[PDB]
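I have placed the structure first, in the form of structure tokens, so that the comments after it can refer back to it.
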Amino acid sequence: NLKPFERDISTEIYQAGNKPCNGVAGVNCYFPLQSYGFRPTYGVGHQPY
Amino acid sequence: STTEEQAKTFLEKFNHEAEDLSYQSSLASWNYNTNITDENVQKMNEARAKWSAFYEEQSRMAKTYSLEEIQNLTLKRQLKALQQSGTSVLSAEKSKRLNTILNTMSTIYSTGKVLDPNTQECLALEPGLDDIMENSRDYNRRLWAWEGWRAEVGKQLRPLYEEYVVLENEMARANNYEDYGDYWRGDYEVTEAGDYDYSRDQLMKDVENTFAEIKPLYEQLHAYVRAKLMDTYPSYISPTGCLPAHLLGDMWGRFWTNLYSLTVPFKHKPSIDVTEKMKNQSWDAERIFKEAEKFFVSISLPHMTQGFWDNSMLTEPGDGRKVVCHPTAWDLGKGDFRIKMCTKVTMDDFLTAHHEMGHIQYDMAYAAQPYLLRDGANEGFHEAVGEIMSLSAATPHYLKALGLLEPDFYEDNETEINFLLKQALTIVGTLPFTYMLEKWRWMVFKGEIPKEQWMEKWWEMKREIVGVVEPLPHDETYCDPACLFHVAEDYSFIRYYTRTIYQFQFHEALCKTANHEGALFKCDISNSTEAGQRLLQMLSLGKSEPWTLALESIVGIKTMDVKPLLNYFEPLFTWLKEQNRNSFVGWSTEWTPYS
Ligand SMILES: *[C@@H]1O[C@H](CO)[C@@H](O)[C@H](O)[C@H]1NC(C)=O
Ligand SMILES: *[C@@H]1O[C@H](CO)[C@@H](O)[C@H](O)[C@H]1NC(C)=O
């Protein structure tokens, strides 16, 4: 969760295992930034606004 | 540091990463089909290679589950999909050639040569056999066309059946089951649910139940054939006997679509067909799709989203670009749906696209659902809604609001018998084979059939139970349950089995609510909000609840109805009673090509 009226920083790389990554990449989880695949056939709700 | 704590977040995160890769596979299908590039050909294969096998790597920690109750959501049902391990139980050396042997006969069947006398011209199974199906009145050609195909390859198909059953059953043994048929019942399996639980083996018995309503349909047609087909083929058609399967428009008798030639009502009255009378408003390729769009408001189905206008082609390419005649529509979601034919100015575009119409409108009803549960009440629901309204798309009396009817209604029977019998040809010829094939798989899966009664009984039961004749029986020299792609690749008919009768009930649901009595060809489905309200519930309910609850709601009766099947063609069946009341009913099992 985020607090109201404050800006979000997305830096931490999440790991599925609750043990810390400790600077080592893990499996089954990746960088939490999602690049939405934008096709012209997407619905208006799916379309970015 | 709990593994359950890991899995709780991991499962939620996985469903979104999965969808991005799942969506890409269907998109490359058309792009590869129009220009083949190195990137284009590999897109679907490398996209889907991280779905099935890679699932196990994410699924390893799904076996640590506990009698924890916190899972009460439909999640438990996706959780079973998270518990799948795949074919990892199989050894690599025994599965190395399993893929090779599985598709070996598919190449031979596709690359098959039919021997012809004097080798006048090249011949092929499809469409060469269907092209000259009724070109001449030679029994010898009809026999030899299939006899040569069998004598080409069918003897060598026997070794295909050895490892197939063992490997198929080994999945059940690895999955703490004795039979794989009980593993196929995962969509029909529900547990820890009060009064809404169904058993996997119960769906075993319907084969006996479903054939009670099949014989009445076959009996009425046989009386009609008895009148007319003796003159054309008197050497192999006896009135008190089984209707021959080697004189119809089929190589194996599966689809009895080409029965109009042998069952034409009158040879002096041509059927009504208007083509030039319809073109007075400059009929073009766009006219058919415009009328299809107008069909939407007469069925209350909403118009499909922007995907209708870009992914679907509605005109000829006009260039050297080659298009796919086979429709390609997938439930990707997010507005990606297709209606694709070999789009030209053709009358077939009227019907084939309509077949996809039900396949379109259903998907947006549960597209918002996760891909793991992106389906209807059962597997046959997807293919059921696409054909129920297709019957109304060919009747022009239901097309009063089309503007092309000129409703000078003919004097009922006199005309309708000519047209309606054609539609009867759809409902008669596919029941027996679907009935007989589905039985064989279930008995062979458990293994209670002995080897001495596993091969010969395939033809022994055929003469007595269904009542059909074959051109050449196969005892221990041809493997009849090895000549089909479905058998050679471990496919079943559960896709066509549940909806076979339920489609008629679905179509009757649109009229029973509307308080319509009589034959179902004069039902008005226009501007009806009662039917749309009923149709908009279970379309969007999806798979969230157990299918048992939805089964009671959708049909309203726990048993099967036979009067709706006989009520759409009431004049057709009634008229044959007068001319056949003073005759022997049924067929005699004594006479058959057993010897
Ligand atoms: C339908 O029944 C009527 C009743 O007399 C009959 O005149 C007509 O010939 C019948 N139609 C056919 C196609 O047999
Ligand atoms: C539906 O058809 C027209 C709407 O165009 C309307 O006049 C009619 O009353 C409606 N109901 C029936 C049963 O036709």
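All residue names refer to the structure tokens as shown: chains lettered A, B, ... in order, residues numbered from 1 in each chain, ligands numbered from 1 in order.
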Expected answer as number ranges by chain: chain A residues within 6 Å of chain B, only C-alpha atoms: A: 16-18, 41-43
Selection as a ChimeraX atom specification: residues within 9 Å of ligand 1 by only C-alpha atoms and all ligand atoms: /B:265-266,411-418,571-572,575-576
Contacts with ligand 2 at most 12 Å, only C-alpha atoms and all ligand atoms counted, listed as a ChimeraX atom specification: /B:297-300,398,400-402,511,514-516,522-530
Every residue of range 16-222 of chain B that DSSP places in helix (DSSP H, G or I), as a PyMOL selection string: chain B and resi 16-34+38-48+53-63+75-82+87-89+92-96+98-102+104-110+117-119+128-131+139-157+160-174+180-186+202-204+206-210+215-222
Residue 45 in chain B surroundings by only C-alpha atoms, 8 Å radius, close-in-sequence under 4 positions cut, as a PyMOL selection string: chain B and resi 25+41+49
Filtering to C-alpha atoms, could you give me those residues as a compact mmCIF listing (two decimals), in the first residue's frame?
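Full text of again35.txt as output:
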```txt
# COMPACT_ATOMS: atom_id res chain seq x y z
CA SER B 25 0.53 -16.94 -29.38
CA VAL B 41 7.21 -18.86 -37.54
CA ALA B 49 6.91 -23.47 -24.64
```
Residues near residue 31 in chain A, cut-off 12 Å, only C-alpha atoms, skip fewer than 2 positions along chain, as an NGL selection string: (:A and (10-16 or 25-29 or 33-35)) or (:B and (13 or 17))
Could you turn the residues from that selection into a file that holds N, CA and C atoms, as an mmCIF file, in the first residue's frame?
```
data_model
loop_
_atom_site.group_PDB
_atom_site.id
_atom_site.type_symbol
_atom_site.label_atom_id
_atom_site.label_comp_id
_atom_site.auth_asym_id
_atom_site.auth_seq_id
_atom_site.Cartn_x
_atom_site.Cartn_y
_atom_site.Cartn_z
ATOM 1 N N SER A 10 9.760 2.852 -7.325
ATOM 2 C CA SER A 10 9.769 1.424 -7.634
ATOM 3 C C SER A 10 11.207 1.036 -7.957
ATOM 4 N N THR A 11 11.939 0.616 -6.933
ATOM 5 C CA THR A 11 13.338 0.227 -7.052
ATOM 6 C C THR A 11 13.594 -1.202 -6.606
ATOM 7 N N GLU A 12 12.960 -1.638 -5.520
ATOM 8 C CA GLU A 12 13.203 -2.968 -4.984
ATOM 9 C C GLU A 12 12.792 -4.040 -5.984
ATOM 10 N N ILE A 13 13.648 -5.044 -6.141
ATOM 11 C CA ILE A 13 13.324 -6.224 -6.930
ATOM 12 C C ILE A 13 12.710 -7.255 -5.992
ATOM 13 N N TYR A 14 11.463 -7.629 -6.258
ATOM 14 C CA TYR A 14 10.761 -8.543 -5.374
ATOM 15 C C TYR A 14 11.134 -9.985 -5.687
ATOM 16 N N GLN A 15 11.215 -10.800 -4.641
ATOM 17 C CA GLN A 15 11.462 -12.228 -4.762
ATOM 18 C C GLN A 15 10.303 -12.987 -4.135
ATOM 19 N N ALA A 16 9.846 -14.038 -4.821
ATOM 20 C CA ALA A 16 8.740 -14.829 -4.293
ATOM 21 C C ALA A 16 9.082 -15.400 -2.925
ATOM 22 N N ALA A 25 19.613 -12.358 -8.260
ATOM 23 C CA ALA A 25 18.329 -12.518 -8.921
ATOM 24 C C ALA A 25 17.699 -13.855 -8.545
ATOM 25 N N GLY A 26 16.367 -13.891 -8.587
ATOM 26 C CA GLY A 26 15.609 -15.057 -8.201
ATOM 27 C C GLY A 26 14.728 -15.570 -9.327
ATOM 28 N N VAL A 27 13.971 -16.613 -9.000
ATOM 29 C CA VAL A 27 13.106 -17.280 -9.959
ATOM 30 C C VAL A 27 11.654 -16.985 -9.600
ATOM 31 N N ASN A 28 10.790 -17.070 -10.617
ATOM 32 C CA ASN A 28 9.337 -16.977 -10.490
ATOM 33 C C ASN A 28 8.873 -15.551 -10.204
ATOM 34 N N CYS A 29 9.814 -14.622 -10.048
ATOM 35 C CA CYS A 29 9.496 -13.207 -9.930
ATOM 36 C C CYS A 29 10.522 -12.393 -10.701
ATOM 37 N N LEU A 33 8.161 -3.564 -12.761
ATOM 38 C CA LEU A 33 7.674 -2.616 -13.754
ATOM 39 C C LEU A 33 7.098 -3.393 -14.931
ATOM 40 N N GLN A 34 5.842 -3.113 -15.266
ATOM 41 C CA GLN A 34 5.121 -3.842 -16.300
ATOM 42 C C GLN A 34 4.961 -2.953 -17.525
ATOM 43 N N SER A 35 5.456 -3.427 -18.665
ATOM 44 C CA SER A 35 5.257 -2.754 -19.943
ATOM 45 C C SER A 35 4.014 -3.345 -20.595
ATOM 46 N N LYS B 13 0.622 -13.169 -8.301
ATOM 47 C CA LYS B 13 1.515 -12.526 -9.258
ATOM 48 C C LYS B 13 1.613 -13.316 -10.558
ATOM 49 N N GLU B 17 1.571 -12.282 -15.106
ATOM 50 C CA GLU B 17 2.697 -12.597 -15.976
ATOM 51 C C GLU B 17 2.315 -13.635 -17.022
#
```
Contact check, range 368-455 of chain B to range 346-353 of chain B, at most 12 Å, counting only C-alpha atoms, closest pairs as JSON lines:
```
{"residue": "B:386", "atom": "CA", "partner": "B:353", "partner_atom": "CA", "distance": 10.0}
{"residue": "B:387", "atom": "CA", "partner": "B:351", "partner_atom": "CA", "distance": 10.3}
{"residue": "B:389", "atom": "CA", "partner": "B:351", "partner_atom": "CA", "distance": 10.9}
{"residue": "B:390", "atom": "CA", "partner": "B:351", "partner_atom": "CA", "distance": 7.4}
{"residue": "B:391", "atom": "CA", "partner": "B:351", "partner_atom": "CA", "distance": 9.8}
{"residue": "B:392", "atom": "CA", "partner": "B:351", "partner_atom": "CA", "distance": 10.8}
{"residue": "B:393", "atom": "CA", "partner": "B:351", "partner_atom": "CA", "distance": 7.6}
{"residue": "B:394", "atom": "CA", "partner": "B:351", "partner_atom": "CA", "distance": 8.0}
{"residue": "B:395", "atom": "CA", "partner": "B:351", "partner_atom": "CA", "distance": 11.8}
```
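Between CA of residue 164 in chain B and CA of residue 146 in chain B the separation is 25.9 Å.
Distances to residue 506 in chain B were evaluated for B:434, B:220, B:553, B:540 using only C-alpha atoms, and the minimum falls at B:553.
With distances taken over only C-alpha atoms, A:39 is the one residue among A:47, A:5, A:21, A:39 lying closest to residue 27 in chain B.
Here CA of residue 376 in chain B is placed at a distance of 15.5 Å from CA of residue 388 in chain B.
In terms of minimum interatomic distance to residue 45 in chain A, B:368 ranks closest within B:69, B:368, B:182, B:439, counting only C-alpha atoms.
Across the structure, CA of residue 303 in chain B and CA of residue 539 in chain B are spaced 15.4 Å apart.
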